[PDB]
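Residue numbers (the entry's author numbering), protein chains in the order written: chain U, 2 to 87; chain f, 78 to 176; chain m, 2 to 117; chain K, 61 to 196; chain F, 2 to 124. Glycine included, every Cβ here is placed at the ideal spot set by N, Cα and C. Notes follow once the structure below has been shown.
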RNA sequence: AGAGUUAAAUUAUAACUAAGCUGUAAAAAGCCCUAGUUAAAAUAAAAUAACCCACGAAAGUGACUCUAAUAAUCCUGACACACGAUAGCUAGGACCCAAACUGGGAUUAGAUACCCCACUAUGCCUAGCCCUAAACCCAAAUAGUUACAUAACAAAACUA
Ligand SMILES: [Mg+2]
Ligand SMILES: [Mg+2]
Ligand SMILES: [Mg+2]
Ligand SMILES: [Mg+2]
Ligand SMILES: [Mg+2]
Ligand SMILES: [Mg+2]
Ligand SMILES: [Mg+2]
Ligand SMILES: [Mg+2]
Ligand SMILES: [Mg+2]
Ligand SMILES: [Mg+2]
Ligand SMILES: [Mg+2]
Ligand SMILES: [Mg+2]
Ligand SMILES: [Mg+2]
Ligand SMILES: [Mg+2]
Ligand SMILES: [Mg+2]
Ligand SMILES: [Mg+2]
Ligand SMILES: [Mg+2]
Ligand SMILES: [Mg+2]
Ligand SMILES: [Mg+2]
Ligand SMILES: [Mg+2]
Ligand SMILES: [Mg+2]
Ligand SMILES: [Mg+2]
Ligand SMILES: [Mg+2]
Ligand SMILES: [Mg+2]
Ligand SMILES: [Mg+2]
Ligand SMILES: [Mg+2]
Ligand SMILES: [Mg+2]
Ligand SMILES: [Mg+2]
Ligand SMILES: [Mg+2]
Ligand SMILES: [Mg+2]
Ligand SMILES: [Mg+2]
Ligand SMILES: [Mg+2]
Ligand SMILES: [Mg+2]
Ligand SMILES: [Mg+2]
Ligand SMILES: [Mg+2]
């Protein structure tokens, strides 16, 4: 409100395609976590009920990180197998 | 008589030291269509993909140039006691036994 | 990089106080989560609306506007064939990863070890 | 380097639409609320040229929520605005609701030309506490 | 240097500016302060518009005053700065150069944590 | 613990503009001293950083700055001493927003509830009380060891 307007969260559509530029802006906000925050902040969420969220999120992030790594590590051996029908 | 420790101290696998970015010589002992299984002699063979240049030149018995990345592929993962082995080593293909 | 698990979990040794309380133990499972089927939206809605406006202005004589109508059916055929194609499309996978069957075999081939 | 989005308020940038500076192009406020949508098209001078609501467009208590209604309001809004002769519009969406995209499309399809989207959706830095969550 | 004074001042002409700075350092030298240096950072358009003394300002001049002062004092100078009619925002920070540089030796790599769960032959 | 400060948002209150605005699964009631825009103090609460894991004895503590400042050459120890989330009580201020209660509106066989709408004690400050929690990491303190060893499950087993 004290900041200069139109500098923030602004995309300018190129070659007149609107839908593309909107997708772009959406990708911005969702990349920064603002959509999850708006949606979060429609109602309240109590501090306890918040650390639960945090911890469940962070556990899940750890799991998915690890499992991802493991998958991409074992990726090589997806290759068609040499020894078949030994 | 040679003591084992002596055999160890003077071996090439020792002399090489750390595995990263080493320039190694290797041999192709098995082929599946795009994939060439290369024993450079270390413990485990590595795998490669036949390059676009001179495809038919790389055959079983052919000798090859390798840039050795890792002597073997291993890591420990979430809730694991022992780390996990691929039973291969990581290497890159440079040229074929440039002579 | 993977979030540090050091000091996080409530344990006998740990001098700190807990960070993560896992609901299910933190271990890589052997299998992988099955694919998530995506839901649909209302198909064609645009042409529907345009053709509505047309009949509103034209007092509902279908002969007055052929254009909105033919474009409407264009959308209907694009929609139906999009459904047929998304039915045969199961070779889609992740488009650059492998279908969860492959991941699961592959993961049973280099399982994760809790025991021993 | 073509179409860097945020054109500076300094004069180093010459790009004109209808021979106007980006500062002079009309602002269309879109407000997308879960039960509603409203567009108001205003001059760079802040003199309102157009107003359309999902209700003002003759929808009713629930149905006025939908994206249908949004594009509907958008069209007639751009009609009233086009009447006063605005070619180009820089748009701002306020709130996050059903008729965001629909209304923006509604301005285009309604024959009004769009340059920019910027999102001003109020994001508390932890000011006023929200109302309680619901089932409880 | 011990303390640092970030002066954002109402943008004026040169004489008025000079006046303001002068009387500022006078006030400081009166509360017992030793002034090291004066660094003019220019007249900038503020990042955002600041409302003080019933005037809402767009631009401002920027100044940096390094000085030594006794602990008891800082409040006094803050008060006399807040009172002032042409200060568009004051502040006083412990001068950055008292804070030490303790060498990042680098990243100490964190290994995966083991012996979380018991060894159990389950399933 | 003090003292000073405010970026986002919100609200008074004006200027325009349109008649609606709000609200749900769907509605109704409610408000049009309403709504969108443009201005704007106070009060309250502190996005991102945090995928960090620090500080405190615990409760607790994550907007900014400065002042004061974190017991013990360090073993255990009470019915003694000093603290102790929320809510609550006493007196005085504060009041954006939230909100037990209550009154409307739906839902329902009923609906003293879940959903909707207002509005209050109350959350906020200063001073004084009250001394309770799933105050739980349900895992006492201080030195150790990984020897011996699987009731079950959970955070593996044990000495002194
Ligand atoms: Mg404003
Ligand atoms: Mg987060
Ligand atoms: Mg501690
Ligand atoms: Mg605890
Ligand atoms: Mg559990
Ligand atoms: Mg917060
Ligand atoms: Mg309950
Ligand atoms: Mg287990
Ligand atoms: Mg106090
Ligand atoms: Mg403000
Ligand atoms: Mg306002
Ligand atoms: Mg207001
Ligand atoms: Mg609804
Ligand atoms: Mg009514
Ligand atoms: Mg966070
Ligand atoms: Mg924490
Ligand atoms: Mg101590
Ligand atoms: Mg003691
Ligand atoms: Mg208490
Ligand atoms: Mg209280
Ligand atoms: Mg009250
Ligand atoms: Mg008031
Ligand atoms: Mg209220
Ligand atoms: Mg009732
Ligand atoms: Mg019943
Ligand atoms: Mg229910
Ligand atoms: Mg009230
Ligand atoms: Mg409190
Ligand atoms: Mg607790
Ligand atoms: Mg607990
Ligand atoms: Mg107990
Ligand atoms: Mg004890
Ligand atoms: Mg102690
Ligand atoms: Mg022992
Ligand atoms: Mg058993």
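Item	Value
Using only the alpha-carbon positions, how far apart do residue 107/F and residue 14/m sit?	28 Å
Is there a Cβ of chain F sitting closer than 8 Å to that of residue 28/m, yes or no?	yes
Tell me the DSSP bridge mates of residue 77/K?	80/K
By how many angstroms is the C-alpha of residue 104/F removed from the C-alpha of residue 80/U?	47 Å
Among residues of its own chain, excluding the 5 on either side of residue 51/m, which ones have a beta-carbon nearer than 7 Å to its beta-carbon?	69
Which residues in chain F have a C-beta closer than 7 Å to the C-beta of residue 3/U? List them in chain order.	49 and 50
Is residue 24/m near ligand 5, with its Cβ less than 7 Å from a heavy atom?	yes
Report the rounded CA-to-CA distance for residue 127/f versus residue 102/F, giving the unit in angstroms.	52 Å
Are residue 137/K and residue 104/K close, meaning C-beta to C-beta below 8 Å?	no
Excluding the five sequence neighbours on either side, which residues of its own chain have a C-beta within less than 8 Å of the C-beta of residue 10/U, listed in chain order?	26, 29 and 30
In angstroms with no decimal places, state the Cα-to-Cα distance between residue 37/F and residue 47/F.	26 Å
Using a Cβ cut-off of 9 Å, pull out every chain K residue sitting near residue 70/m, in sequence order please.	Here the premise fails: no neighbours, minimum Cβ distance about 18 Å.
My assumption, with CB atoms under 8 Å, is that residue 26/m sits in contact with residue 118/F. Please give the rounded CB distance.	6 Å
Between residue 157/f and chain m, is there a C-beta pair that is closer than 8 Å?	yes
Is the shortest distance between the beta-carbon of residue 114/f and the beta-carbons of chain U less than 8 Å?	yes
Note down the Cα distance separating residue 160/K from residue 92/K, rounded to an integer number of angstroms.	6 Å
Just how far apart, CA to CA, sit residue 72/m and residue 163/K?	22 Å
Is residue 46/m helix, strand or coil when you go by DSSP?	helix
If you run the structure through DSSP and keep just helix, strand and coil, what is residue 53/F?	strand
Are residue 117/f and residue 102/f close, meaning C-beta to C-beta below 8 Å?	yes
Just to confirm my understanding: we take residue 35/m, look at its own chain, exclude 5 residues before and 5 after, and list those with CB closer than 6 Å. What are they?	101
Of the residues 32/m, 3/m, 113/m and 11/m, which one's Cα is nearest the Cα of residue 104/m?	32/m
Between the C-alpha atoms of residue 136/f and residue 76/U, what's the straight-line distance to the nearest angstrom?	25 Å
Would you mind listing the alpha helix (DSSP H) stretches within the segment 5 to 67 of chain U that are 4+ residues and don't spill past its ends, in chain order?	19 to 33 and 35 to 41
Shorter than 8 Å from the beta carbon of residue 46/m to some beta carbon of chain K?	yes
Counting along the chain, where does the alpha helix (DSSP H) carrying residue 89/f start and finish?	89 to 92
Report yes if the C-beta distance between residue 90/K and residue 23/U is below 8 Å; otherwise report no.	no
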